[PDB]
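K.L.:
Just dropping this structure here.
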Amino acid sequence: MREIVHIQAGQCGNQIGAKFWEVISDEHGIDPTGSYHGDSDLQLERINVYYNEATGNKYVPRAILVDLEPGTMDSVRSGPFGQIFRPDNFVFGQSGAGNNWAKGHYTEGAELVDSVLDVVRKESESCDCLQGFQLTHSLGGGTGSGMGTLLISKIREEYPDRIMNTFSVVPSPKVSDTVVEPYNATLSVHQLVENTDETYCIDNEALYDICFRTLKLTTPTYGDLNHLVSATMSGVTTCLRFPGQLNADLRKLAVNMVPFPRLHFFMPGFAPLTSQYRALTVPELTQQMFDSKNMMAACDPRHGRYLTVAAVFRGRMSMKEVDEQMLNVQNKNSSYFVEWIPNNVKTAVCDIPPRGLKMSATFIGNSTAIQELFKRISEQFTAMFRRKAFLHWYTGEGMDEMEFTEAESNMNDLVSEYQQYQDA
Amino acid sequence: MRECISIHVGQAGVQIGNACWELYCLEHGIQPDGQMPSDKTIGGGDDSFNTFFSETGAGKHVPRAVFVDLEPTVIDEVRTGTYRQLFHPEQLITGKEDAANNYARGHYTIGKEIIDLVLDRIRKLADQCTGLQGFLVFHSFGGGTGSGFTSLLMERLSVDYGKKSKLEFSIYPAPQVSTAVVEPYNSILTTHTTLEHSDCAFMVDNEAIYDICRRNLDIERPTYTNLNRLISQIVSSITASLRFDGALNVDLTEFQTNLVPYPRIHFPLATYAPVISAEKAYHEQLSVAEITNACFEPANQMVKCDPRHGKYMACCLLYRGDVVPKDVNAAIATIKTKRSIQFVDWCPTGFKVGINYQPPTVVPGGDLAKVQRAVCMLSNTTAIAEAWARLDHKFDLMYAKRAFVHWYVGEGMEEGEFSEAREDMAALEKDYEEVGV
Amino acid sequence: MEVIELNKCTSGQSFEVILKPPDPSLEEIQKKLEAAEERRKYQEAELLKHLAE
Amino acid sequence: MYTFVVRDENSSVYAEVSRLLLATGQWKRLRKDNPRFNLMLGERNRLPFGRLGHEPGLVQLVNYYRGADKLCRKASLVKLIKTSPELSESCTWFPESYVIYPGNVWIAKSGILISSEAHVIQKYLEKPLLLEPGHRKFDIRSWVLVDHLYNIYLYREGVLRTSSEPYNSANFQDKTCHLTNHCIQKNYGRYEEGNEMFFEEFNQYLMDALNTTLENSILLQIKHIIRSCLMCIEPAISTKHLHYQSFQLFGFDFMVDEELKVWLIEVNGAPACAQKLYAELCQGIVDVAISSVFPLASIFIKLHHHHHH
Ligand SMILES: Nc1nc2c(ncn2[C@@H]2O[C@H](COP(=O)(O)OP(=O)(O)OP(=O)(O)O)[C@@H](O)[C@H]2O)c(=O)[nH]1
Ligand SMILES: Nc1ncnc2c1ncn2[C@@H]1O[C@H](COP(=O)(O)OP(=O)(O)CP(=O)(O)O)[C@@H](O)[C@H]1O
Ligand SMILES: Nc1nc2c(ncn2[C@@H]2O[C@H](COP(=O)(O)OP(=O)(O)O)[C@@H](O)[C@H]2O)c(=O)[nH]1
Ligand SMILES: COc1ccc(CNc2c(-c3ccccc3O)nc3ccc(F)cn23)cc1
Ligand SMILES: [Ca+2]
Ligand SMILES: [Ca+2]
Ligand SMILES: [Mg+2]
Ligand SMILES: [Mg+2]
């Protein structure tokens with residue numbers, strides 16, 4: 001198990017997905033045209049996980065870029081690292097999806113999906129041992145949300161034994177394109193609960209607050225939020241992209257993180273938060289990554305309990321000190337980790353730090369406090385749905401009110417299920 | 001002589017085999033290409049070391065070893081590494097997809113598709129043997145392959161070679177170094193399915209070995225390299241009598257007869273001394289009395305537990321180096337008057353001693369210091385059930401909530417096999433308690 | 001303290017000292033491996049039937 | 001910020017040690033099935049000693065010494081004394097005792113039978129020491145605390161648990177005058193409150209009535225019996241060089257005969273303290289047994305005697 005196939009869908013999907021390929025291409029010594037001008041052999045040892053080798057020792061991202069309009073994807077080709085992506089993997093429609101889940105899932109996107117699956121199958125075939133798929137998308141618009149979840153469903157049909165990962169950007173009124181976002185998100189969460197093994201919940205609420213409160217950006221752009229997203233994505237893929245004892249794969253992650261199959265919504269965290277000169281001591285990384293202020297999902301982990309945790313330290317540091325500090329927070333806050341999964345915190349260290357920082361920590365948590373996120377979206381949803389507001393946009397593409405009711409019910413069930421283990 | 005086949009399954013089994021076979025080669029004077037200058041019968045022999053090595057007409061000495069991993073990366077390091085020419089490609093078996101820390105994936109799913117390839121390569125070695133005794137199996141309790149694929153192999157080895165002895169070398173899981181949360185499920189699952197098929201099993205608790213490395217070798221944070229090099233000295237102590245001239249534990253049946261009167265209770269506690277740092281400038285060499293006494297300290301055991309609050313059914317002192325009978329008896333005399341060494345009413349309170357004059361060999365540029373004398377005590381004490389109770393509690397905790405169970409079921413297994421396995425262990429713990437009080 | 005069965009050779013010596021006296025078949029196996037492939041294959045059919053809906 | 005768990009709800013002593021610990025700021029309590037504790041305050045039956053000291057990052061301490069039951073069950077204490085060379089069959093301070101399973105007066109116990117006709121049978125002390133005015137029997141209770149280093153700490157306040165009915169040679173069935181237990185009595189508190197005479201008082205009585213002191217006539221022999229019993233089992237129970245550590249509180253019960261000779265009746269593995277003496281004892285447990293292992297931001301005598309021979 002090595003090769004992953006990456007798909008990015010919609011405005012958000014392709015914006016954050018572009019930053020991901022920018023960040024990791026720098027980490028693996030690949031340049032804006034595709035050539036390797038590195039220095040360490042550790043950079044190329046598992047370059048195969050995310051890149052294909054090409055004619056002339058070029059490395060080509062195993063990346064499929066999907067949108068229902070060409071706006072965002074002409075920007076990706078324009079932008080700093082655009083010329084690296086394989087041009088056949090740009091698969092785009094013309095009319096877009098108007099922030100409408102139904103258009104993504106049932107009408108506009110249905111027209112386009114079979115072409116995306118031909119590129120998926122192309123990349124899937126020239127793979128020694130495919131472990132799975134990761135998708136970047138938001139849940140709030142129509143393409144990345146509705147079409148994205150349509151893809152997932154199709155990929156599962158054709159490759160029912162491979163892993164499915166999402167980086168799924170959850171919406172907030174604090175960073176809001178349209179009033180129908182809670183609808184779109186609730187329709188997609190219903191899909192994600194059934195058809196993914198792992199989902200990283202990137203809440204835009206949490207990114208806005210990190211940007212505002214902790215980084216002193218008064219007027220935060222999507223660029224400022226995506227700076228935080230690509231550093232988190234860099235962190236939660238480190239163990240796949242580098243060595244050397246942890247034979248870490250997506251299946252192993254799924255097995256150890258997910259005690260119950262529907263409860264696979266991970267809260268990510270990063271330390272230190274940036275946009276420095278003083279490197280952080282291991283105690284500080286350990287305090288910071290576990291801090292609510294450093295979570296990429298707007299949930300207080302003190303309101304819930306940690307089912308499982310996976311922590312990843314980057315830089316040159318004492319592993320003695322890393323165990324000591326990781327054991328200190330467990331022993332000093334033991335009520336917040338479930339007694340009925342012994343040794344639920346697993347920690348790893350990797351010598352290569354990220355660009356900029358001498359040392360950093362990335363956190364992956366399956367906390368029951370994630371319910372707060374689904375409760376927040378369940379509330380915004382009901383505010384509108386109890387008066388059937390804005391529904392005509394969805395019923396005009398053939399959807400029924402019963403489908404909204406179903407979806408509202410699955411999410412509220414998810415919330416009940418997370419609440420069940422907080423009290424056990 | 002009668003030949004022995006070593007089988008190494010999973011990362012843990014394979015890396016520990018590497019460490020053992022390296023050490024075996026240094027001990028017998030065999031070199032990385034397979035040449036053994038001191039051997040004069042070229043192309044064959046029935047010497048003690050031939051139990052573990054075969055010979056080619058070119059003069060190469062070849063392990064009676066099979067390495068098996070469901071994924072290639074760890075066995076690739078044997079293929080491309082310092083002892084690459086030592087092994088024959090057909091001895092080294094790899095898949096493409098590991099068991100993902102899941103007993104049931106390694107046993108039922110990925111197991112099924114490779115069991116016939118492995119048993120065929122085992123038969124290729126068995127058919128070079130004039131009188132096979134049986135098997136030494138190396139594996140982890142906690143890995144998906146180590147647990148899951150091992151237990152299917154043990155089931156088949158009983159069917160295909162029913163008259164032969166099977167010894168287990170087993171790594172009991174330790175949270176300090178453990179890369180998975182479901183090892184308690186994997187360990188109880190494999191222990192149940194393997195119990196009737198193993199004749200004698202030596203548990204090694206990574207916790208114990210890791211603390212031995214911190215405390216006695218001054219290693220800040222022990223790697224697998226550190227743990228394994230220490231484990232191979234212990235393994236080597238135990239298997240030396242199969243590879244050298246002597247009259248104790250000369251075949252695999254004698255391990256069972258000396259160490260295992262009641263056959264389900266077949267988990268002997270290994271204790272080992274002395275472990276001394278190669279970076280220690282000044283070391284006062286320890287005597288027979290001192291190191292025989294070190295064998296009744298819990299801090300030197302392979303599993304942490306308290307033999308004082310238990311009973312022995314057998315003890316075996318395996319000395320290496322400058323030791324003579326009368327020094328051992330004088331040490332045994334002293335120790336009996338101090339310590340709590342209560343035996344079971346039906347067994348003779350005694351010790352079977354074995355001494356080999358050649359002192360322990362150590363890997364050059366390794367962590368262990370060369371010593372004038374070392375000893376490995378093999379005692380079947382009821383105190384080792386402490387290890388089962390801990391592992392059983394951790395299983396109870398997770399299983400009450402059905403946590404992670406769905407991953408196993410999804411590979412075809414039945415929720416029933418969990419409580420079935422756990423009831424056998426419940427019975428196992430109750431057997432130890434009868435004998436022990 | 002009686003020191004019985006003393007055997008010596010040039011590479012070592014051994015003795016006892018006494019302080020005080022007192023399997024399923026190839027059918028059954030290939031069967032239940034295949035019953036777990038039944039249930040694996042049922043589970044996957046139910047998935048593909050649900051996806052067909 | 002040390003952590004602990006409580007698993008005996010009946011311990012009056014360790015209810016108070018629990019309360020004293022919380023009211024500090026540096027000790028948090030946890031739920032009984034959390035593994036991540038420094039201190040266990042464990043259970044009387046089936047304490048899982050084989051799960052302690054396997055939590056990386058925590059030092060673990062427990063308030064029982066595994067194996068100490070060999071001193072606290074009566075049947076095994078008789079067996080330990082008869083069989084151990086350091087307190088032989090010719091042990092001058094233990095009542096001649098025998099074990100058979102389910103001046104020649106005896107007692108039987110583990111419902112109690114004092115007779116000559118008829119578990120453990122034990123010689124009955126026909127001529128015990130009697131307190132005047134009263135003409136009445138008593139037993140002494142000494143509290144002893146063994147820490148993690150096997151220091152043996154005798155607590156300076158013992159207690160006489162008195163009888164309050166004149167003692168009778170010819171009449172054995174009347175239990176209020178022969179059995180001096182604090183329960184069996186409830187003249188319950190005629191001569192002293194609750195049938196308890198502490199040491200300052202009992203010393204003065206001896207001074208006045210017998211022309212001696214408690215130290216010389218009784219306490220030297222108590223200190224010798226405690227030190228002899230615990231040093232005997234030390235190799236079998238010491239937790240020096242072990243992966244978890246133990247302390248324990250014991251209650252030794254004594255009888256003084258008419259010529260001032262002390263006899264060991266029984267050792268108790270889960271004793272309760274006397275009402276007055278809780279605060280002073282439970283504080284000293286924290287000082288000596290617990291805070292020695294887990295330091296923060298005397299009332300005992302230490303029993304040690306290295307005579308050279
Ligand atoms: N002593 C020692 N323990 C090891 C080694 N490798 C892994 N372990 C331990 O063994 C357990 C994990 O089992 P592994 O052998 O890695 O798993 P595997 O058999 O390779 O199976 P999968 O990876 O599940 O397919 C944990 O308790 C590890 O700490 C090693 O080289 N030496
Ligand atoms: N051999 C003997 N001679 C004189 N009195 C004796 C005796 N054996 C027991 N007794 C008396 O019987 C009473 C109770 O017996 P014992 O002390 O054995 O049981 P117990 O369980 O009540 C003590 P504890 O519960 O405090 O540990 C004591 O007050 C003691 O004085
Ligand atoms: N963090 C982040 N959120 C985004 C970005 N672009 C859009 N969003 C959010 O995504 C949602 C709208 O989805 P969008 O991707 O534009 O729609 P689609 O193209 O139809 O899939 C809203 O919640 C936006 O706030 C981005 O680059 N970063
Ligand atoms: C109980 O938590 C876990 C146990 C096992 C795994 C599998 N692999 C993995 C990972 C990991 C796996 C896939 C992708 C990204 C990752 O960062 N990160 C760690 C860190 C430590 C460690 F021991 C294993 N890790 C994950 C979580
Ligand atoms: Ca159209
Ligand atoms: Ca030869
Ligand atoms: Mg938009
Ligand atoms: Mg493996």
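How things are named: the first chain in the structure tokens is A, the next is B, and so on; residues count from 1 in each chain; ligands count from 1 in the order shown.
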Show me which bits of chain C are within 8 Å of chain A, counting only C-alpha atoms, as a PyMOL selection string.

P.N.:
chain C and resi 44+48+51

K.L.:
Show me which residues line ligand 4, defined as having an atom within 6 Å of a ligand atom where only C-alpha atoms and all ligand atoms count, and present them as a ChimeraX atom specification.

P.N.:
/A:236-237,239-240,248-250,252-253,256-257,308-312,344-348 /B:179-181

K.L.:
Would you list the residues that come within 8 Å of ligand 7? Count only C-alpha atoms and all ligand atoms and give the answer as a PyMOL selection string.

P.N.:
chain A and resi 11-12+99+141+177

K.L.:
I need the residues from that last selection saved to file as an mmCIF file, in the first residue's frame (with N, CA, C and O atoms), if you can.

P.N.:
data_model
loop_
_atom_site.group_PDB
_atom_site.id
_atom_site.type_symbol
_atom_site.label_atom_id
_atom_site.label_comp_id
_atom_site.auth_asym_id
_atom_site.auth_seq_id
_atom_site.Cartn_x
_atom_site.Cartn_y
_atom_site.Cartn_z
ATOM 1 N N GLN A 11 -14.854 25.263 -5.997
ATOM 2 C CA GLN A 11 -14.014 26.417 -5.693
ATOM 3 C C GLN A 11 -13.036 26.092 -4.557
ATOM 4 O O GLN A 11 -11.818 26.148 -4.736
ATOM 5 N N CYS A 12 -13.606 25.713 -3.423
ATOM 6 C CA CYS A 12 -12.873 25.457 -2.191
ATOM 7 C C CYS A 12 -11.983 24.236 -2.364
ATOM 8 O O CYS A 12 -10.772 24.297 -2.116
ATOM 9 N N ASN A 99 -24.286 27.206 -5.978
ATOM 10 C CA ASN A 99 -24.361 26.770 -4.579
ATOM 11 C C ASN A 99 -25.528 25.865 -4.239
ATOM 12 O O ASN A 99 -26.079 25.942 -3.136
ATOM 13 N N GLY A 141 -21.150 24.767 -0.603
ATOM 14 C CA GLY A 141 -21.582 25.091 -1.987
ATOM 15 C C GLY A 141 -22.382 23.963 -2.644
ATOM 16 O O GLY A 141 -23.096 23.223 -1.949
ATOM 17 N N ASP A 177 -21.035 32.336 2.004
ATOM 18 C CA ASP A 177 -21.438 32.688 0.629
ATOM 19 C C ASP A 177 -22.956 32.845 0.413
ATOM 20 O O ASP A 177 -23.352 33.592 -0.462
#

K.L.:
As a quick test: using only C-alpha atoms and all ligand atoms, which residues lie no more than 10 Å away from ligand 5? Give them as an NGL selection string.

P.N.:
:A and (93-96 or 103 or 107-112)

K.L.:
Taking only C-alpha atoms into account, find every residue of chain D that has an atom no more than 8 Å from chain B, and write it out as a list in words.

P.N.:
residues 50, 51, 56, 67, 235, 236, 241, 242 and 243 of chain D

K.L.:
At a cut-off of 6 Å, can you tabulate as CSV every residue of chain D near ligand 2 together with its closest atom pair and the distance in Å to one decimal, using only C-alpha atoms and all ligand atoms and ordering rows by chain then number?

P.N.:
residue,atom,partner,partner_atom_place_in_ligand_line,distance
D:95,CA,ligand 2,1 (N),6.0
D:122,CA,ligand 2,1 (N),5.4
D:123,CA,ligand 2,1 (N),4.9
D:124,CA,ligand 2,1 (N),3.7
D:125,CA,ligand 2,3 (N),3.8
D:139,CA,ligand 2,31 (O),5.0
D:179,CA,ligand 2,13 (C),4.3
D:180,CA,ligand 2,29 (O),3.7
D:181,CA,ligand 2,29 (O),4.8
D:265,CA,ligand 2,17 (O),5.6
D:266,CA,ligand 2,18 (O),5.7
D:268,CA,ligand 2,27 (O),4.7

K.L.:
Write a file of the selected residues as a compact mmCIF listing (two decimals), in the first residue's frame, keeping N, CA and C atoms.

P.N.:
# COMPACT_ATOMS: atom_id res chain seq x y z
N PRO D 95 0.85 -17.59 72.05
CA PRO D 95 0.16 -18.68 72.72
C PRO D 95 0.29 -19.96 71.93
N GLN D 122 -6.19 -22.60 70.63
CA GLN D 122 -5.13 -21.80 71.25
C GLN D 122 -5.24 -21.92 72.76
N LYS D 123 -4.09 -21.95 73.45
CA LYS D 123 -4.06 -21.96 74.92
C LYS D 123 -4.74 -20.69 75.39
N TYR D 124 -5.53 -20.79 76.45
CA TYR D 124 -6.22 -19.64 77.00
C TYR D 124 -5.38 -19.12 78.16
N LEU D 125 -5.19 -17.80 78.21
CA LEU D 125 -4.41 -17.16 79.28
C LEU D 125 -5.24 -17.03 80.55
N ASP D 139 -7.44 -5.99 76.39
CA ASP D 139 -6.43 -6.26 75.36
C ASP D 139 -5.86 -4.94 74.82
N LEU D 179 -14.21 -11.86 76.75
CA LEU D 179 -13.90 -11.30 75.41
C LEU D 179 -14.01 -9.77 75.39
N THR D 180 -12.87 -9.10 75.20
CA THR D 180 -12.75 -7.65 75.45
C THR D 180 -12.88 -6.79 74.19
N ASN D 181 -13.65 -7.26 73.21
CA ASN D 181 -13.79 -6.56 71.93
C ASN D 181 -14.74 -5.39 72.03
N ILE D 265 -1.89 -11.91 70.27
CA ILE D 265 -3.14 -12.60 70.01
C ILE D 265 -3.35 -12.74 68.52
N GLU D 266 -3.37 -11.60 67.83
CA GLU D 266 -3.69 -11.54 66.41
C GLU D 266 -3.15 -10.27 65.75
N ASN D 268 -3.94 -7.69 62.43
CA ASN D 268 -5.09 -7.29 61.61
C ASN D 268 -4.71 -6.43 60.41

K.L.:
For residue D:6, find every residue with an atom within 9 Å (counting only C-alpha atoms), except residues of its own chain fewer than 4 positions away, and show them as number ranges by chain.

P.N.:
D: 14-15, 18, 29-32, 39-43

K.L.:
Based on the selection just made, write N, CA and C atoms of those residues as a PDB file, in the first residue's frame.

P.N.:
ATOM      1  N   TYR D  14      -9.027   5.168  55.617  1.00  0.00           N
ATOM      2  CA  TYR D  14      -8.707   5.664  54.274  1.00  0.00           C
ATOM      3  C   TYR D  14      -9.840   6.512  53.635  1.00  0.00           C
ATOM      4  N   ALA D  15     -10.992   6.598  54.312  1.00  0.00           N
ATOM      5  CA  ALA D  15     -11.945   7.708  54.099  1.00  0.00           C
ATOM      6  C   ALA D  15     -11.337   9.044  54.555  1.00  0.00           C
ATOM      7  N   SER D  18      -8.266   9.878  52.364  1.00  0.00           N
ATOM      8  CA  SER D  18      -8.840  10.427  51.134  1.00  0.00           C
ATOM      9  C   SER D  18      -9.242  11.907  51.260  1.00  0.00           C
ATOM     10  N   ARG D  29      -8.687  13.291  42.907  1.00  0.00           N
ATOM     11  CA  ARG D  29      -9.274  11.959  42.909  1.00  0.00           C
ATOM     12  C   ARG D  29      -9.887  11.622  41.558  1.00  0.00           C
ATOM     13  N   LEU D  30      -9.890  10.332  41.219  1.00  0.00           N
ATOM     14  CA  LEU D  30     -10.402   9.818  39.947  1.00  0.00           C
ATOM     15  C   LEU D  30     -11.489   8.784  40.183  1.00  0.00           C
ATOM     16  N   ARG D  31     -12.061   8.272  39.093  1.00  0.00           N
ATOM     17  CA  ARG D  31     -13.105   7.231  39.152  1.00  0.00           C
ATOM     18  C   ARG D  31     -12.425   5.894  39.361  1.00  0.00           C
ATOM     19  N   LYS D  32     -13.097   4.957  40.013  1.00  0.00           N
ATOM     20  CA  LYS D  32     -12.412   3.738  40.471  1.00  0.00           C
ATOM     21  C   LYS D  32     -11.772   2.825  39.389  1.00  0.00           C
ATOM     22  N   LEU D  39      -1.655   6.849  43.324  1.00  0.00           N
ATOM     23  CA  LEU D  39      -1.974   6.134  44.562  1.00  0.00           C
ATOM     24  C   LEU D  39      -3.232   5.300  44.416  1.00  0.00           C
ATOM     25  N   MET D  40      -3.176   4.008  44.719  1.00  0.00           N
ATOM     26  CA  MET D  40      -4.408   3.211  44.867  1.00  0.00           C
ATOM     27  C   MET D  40      -4.712   3.122  46.355  1.00  0.00           C
ATOM     28  N   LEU D  41      -5.981   3.273  46.721  1.00  0.00           N
ATOM     29  CA  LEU D  41      -6.435   3.039  48.090  1.00  0.00           C
ATOM     30  C   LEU D  41      -7.417   1.884  47.977  1.00  0.00           C
ATOM     31  N   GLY D  42      -6.879   0.675  48.017  1.00  0.00           N
ATOM     32  CA  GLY D  42      -7.499  -0.461  47.370  1.00  0.00           C
ATOM     33  C   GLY D  42      -8.483  -1.190  48.222  1.00  0.00           C
ATOM     34  N   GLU D  43      -8.844  -2.375  47.748  1.00  0.00           N
ATOM     35  CA  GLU D  43      -9.916  -3.173  48.310  1.00  0.00           C
ATOM     36  C   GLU D  43      -9.372  -4.252  49.213  1.00  0.00           C
TER      37      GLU D  43
END

K.L.:
Could the residues that lie within 12 Å of ligand 8, counting only C-alpha atoms and all ligand atoms, be listed as a PyMOL selection string?

P.N.:
(chain A and resi 1+245-249+252) or (chain B and resi 9-15+68-75+94-103+106+139-140+142-149+179-180)

K.L.:
Mind checking DSSP for chain C and telling me the helix (DSSP H, G or I) residues as a short mmCIF file (atom, residue, chain, number, x, y, z; two decimals) with N, CA, C and O atoms, in the first residue's frame?

P.N.:
data_model
loop_
_atom_site.label_atom_id
_atom_site.label_comp_id
_atom_site.auth_asym_id
_atom_site.auth_seq_id
_atom_site.Cartn_x
_atom_site.Cartn_y
_atom_site.Cartn_z
N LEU C 26 -7.91 -30.75 8.09
CA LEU C 26 -7.84 -29.92 6.87
C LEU C 26 -9.21 -29.62 6.24
O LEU C 26 -9.33 -28.65 5.49
N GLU C 27 -10.23 -30.43 6.52
CA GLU C 27 -11.60 -30.15 6.07
C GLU C 27 -12.20 -29.04 6.92
O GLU C 27 -12.60 -28.01 6.39
N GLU C 28 -12.23 -29.25 8.24
CA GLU C 28 -12.78 -28.27 9.20
C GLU C 28 -12.19 -26.87 9.03
O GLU C 28 -12.91 -25.88 9.16
N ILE C 29 -10.89 -26.82 8.73
CA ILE C 29 -10.15 -25.57 8.54
C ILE C 29 -10.48 -24.87 7.24
O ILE C 29 -10.70 -23.66 7.24
N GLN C 30 -10.46 -25.60 6.12
CA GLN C 30 -10.80 -25.01 4.80
C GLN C 30 -12.28 -24.63 4.72
O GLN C 30 -12.65 -23.72 3.99
N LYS C 31 -13.11 -25.34 5.49
CA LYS C 31 -14.51 -25.00 5.70
C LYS C 31 -14.64 -23.59 6.32
O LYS C 31 -15.06 -22.67 5.62
N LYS C 32 -14.25 -23.42 7.58
CA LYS C 32 -14.50 -22.14 8.30
C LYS C 32 -13.66 -20.93 7.85
O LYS C 32 -13.98 -19.80 8.23
N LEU C 33 -12.63 -21.16 7.05
CA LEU C 33 -12.02 -20.09 6.27
C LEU C 33 -13.01 -19.61 5.21
O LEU C 33 -13.16 -18.42 5.00
N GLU C 34 -13.66 -20.55 4.55
CA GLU C 34 -14.63 -20.24 3.48
C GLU C 34 -15.97 -19.66 3.96
O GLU C 34 -16.57 -18.85 3.23
N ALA C 35 -16.43 -20.05 5.15
CA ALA C 35 -17.58 -19.42 5.79
C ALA C 35 -17.36 -17.91 6.11
O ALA C 35 -18.30 -17.12 6.11
N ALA C 36 -16.12 -17.53 6.40
CA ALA C 36 -15.76 -16.13 6.53
C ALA C 36 -15.62 -15.42 5.17
O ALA C 36 -15.66 -14.21 5.12
N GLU C 37 -15.38 -16.16 4.09
CA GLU C 37 -15.51 -15.60 2.74
C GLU C 37 -16.97 -15.51 2.27
O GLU C 37 -17.29 -14.68 1.44
N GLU C 38 -17.84 -16.38 2.77
CA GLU C 38 -19.27 -16.26 2.52
C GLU C 38 -19.75 -14.94 3.07
O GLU C 38 -20.27 -14.11 2.33
N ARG C 39 -19.56 -14.75 4.37
CA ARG C 39 -20.04 -13.57 5.08
C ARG C 39 -19.39 -12.28 4.55
O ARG C 39 -20.03 -11.25 4.53
N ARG C 40 -18.14 -12.35 4.11
CA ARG C 40 -17.44 -11.21 3.49
C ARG C 40 -18.15 -10.83 2.21
O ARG C 40 -18.36 -9.65 1.92
N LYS C 41 -18.51 -11.85 1.46
CA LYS C 41 -19.13 -11.69 0.14
C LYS C 41 -20.63 -11.33 0.23
O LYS C 41 -21.14 -10.65 -0.65
N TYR C 42 -21.30 -11.75 1.29
CA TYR C 42 -22.66 -11.31 1.57
C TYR C 42 -22.65 -9.81 1.86
O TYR C 42 -23.41 -9.07 1.25
N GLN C 43 -21.79 -9.39 2.79
CA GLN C 43 -21.64 -7.98 3.20
C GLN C 43 -21.40 -7.02 2.04
O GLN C 43 -21.97 -5.92 2.02
N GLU C 44 -20.55 -7.43 1.11
CA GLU C 44 -20.25 -6.67 -0.10
C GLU C 44 -21.42 -6.63 -1.10
O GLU C 44 -21.55 -5.66 -1.87
N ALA C 45 -22.24 -7.69 -1.13
CA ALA C 45 -23.42 -7.75 -2.00
C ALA C 45 -24.48 -6.78 -1.47
O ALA C 45 -25.07 -6.03 -2.24
N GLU C 46 -24.69 -6.79 -0.15
CA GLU C 46 -25.60 -5.85 0.49
C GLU C 46 -25.19 -4.39 0.26
O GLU C 46 -26.04 -3.53 0.11
N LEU C 47 -23.89 -4.12 0.22
CA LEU C 47 -23.39 -2.79 -0.10
C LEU C 47 -23.75 -2.43 -1.53
O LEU C 47 -24.31 -1.37 -1.78
N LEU C 48 -23.43 -3.30 -2.47
CA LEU C 48 -23.72 -3.02 -3.88
C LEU C 48 -25.21 -3.03 -4.22
O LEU C 48 -25.61 -2.43 -5.21
N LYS C 49 -26.04 -3.69 -3.41
CA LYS C 49 -27.47 -3.65 -3.60
C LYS C 49 -27.99 -2.28 -3.11
O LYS C 49 -28.73 -1.61 -3.83
N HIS C 50 -27.58 -1.87 -1.91
CA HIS C 50 -27.83 -0.51 -1.38
C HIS C 50 -27.37 0.60 -2.37
O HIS C 50 -28.09 1.57 -2.61
N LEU C 51 -26.18 0.46 -2.95
CA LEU C 51 -25.69 1.45 -3.91
C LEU C 51 -26.51 1.45 -5.20
O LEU C 51 -26.61 2.48 -5.88
N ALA C 52 -27.07 0.29 -5.55
CA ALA C 52 -27.93 0.17 -6.74
C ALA C 52 -29.22 0.97 -6.56
O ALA C 52 -29.64 1.66 -7.49
#

K.L.:
Listing only residues of chain D within 8 Å of chain A, what is the closest atom pair and its distance in Å (to one decimal) for each, using only C-alpha atoms, sorted by chain and residue number ascending, as JSON lines?

P.N.:
{"residue": "D:1", "atom": "CA", "partner": "A:332", "partner_atom": "CA", "distance": 7.5}
{"residue": "D:30", "atom": "CA", "partner": "A:335", "partner_atom": "CA", "distance": 7.7}
{"residue": "D:33", "atom": "CA", "partner": "A:339", "partner_atom": "CA", "distance": 7.5}
{"residue": "D:34", "atom": "CA", "partner": "A:339", "partner_atom": "CA", "distance": 5.9}
{"residue": "D:35", "atom": "CA", "partner": "A:339", "partner_atom": "CA", "distance": 7.7}
{"residue": "D:36", "atom": "CA", "partner": "A:331", "partner_atom": "CA", "distance": 6.0}
{"residue": "D:37", "atom": "CA", "partner": "A:331", "partner_atom": "CA", "distance": 7.8}
{"residue": "D:56", "atom": "CA", "partner": "A:327", "partner_atom": "CA", "distance": 7.6}
{"residue": "D:57", "atom": "CA", "partner": "A:327", "partner_atom": "CA", "distance": 6.0}
{"residue": "D:58", "atom": "CA", "partner": "A:331", "partner_atom": "CA", "distance": 7.8}
